[PDB]
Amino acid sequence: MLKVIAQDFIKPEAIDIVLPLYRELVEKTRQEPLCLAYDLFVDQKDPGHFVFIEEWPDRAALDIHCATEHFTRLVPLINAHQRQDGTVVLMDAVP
């Protein structure tokens, strides 16, 4: 499987705007046939620092995720309010 961590840094002013967007993103993503796990967290010291922890079967299933209606609609609406670029790490389990 493919494990992903993605981090967004949202302007503090914008947190209340983006929360509903994140909630829909999580709900719709979890309904993707190929999504194994998808959970969203927030940094205890930065209420605007959001972290996705995701598990996909492979890269192809992640490409599908990236092309979905909900991803392509919701993510730029979220990123409109970023304080800095986000980061994404793609990973393998350490055996």
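Numbering starts at 1 and runs along the sequence shown.
- 60 to 68 and 38 to 46 differ in mean CA B-factor, and the higher of the two is recorded for 60 to 68.
- When the C-alpha B-factors of 47 to 55 and 24 to 32 are averaged, 24 to 32 comes out higher.
- Residue 83: CA B factor lies in the highest third for its chain, per the PDB record.
- When all modelled residues of the chain are sorted by CA temperature factor, residue 89 is found within the lowest third.
- In the PDB entry, residue 1 places in the highest third of its chain by CA B-factor.
- Among all modelled residues in this chain, the alpha-carbon of residue 10 has a temperature factor (C-alpha) in the lowest third.
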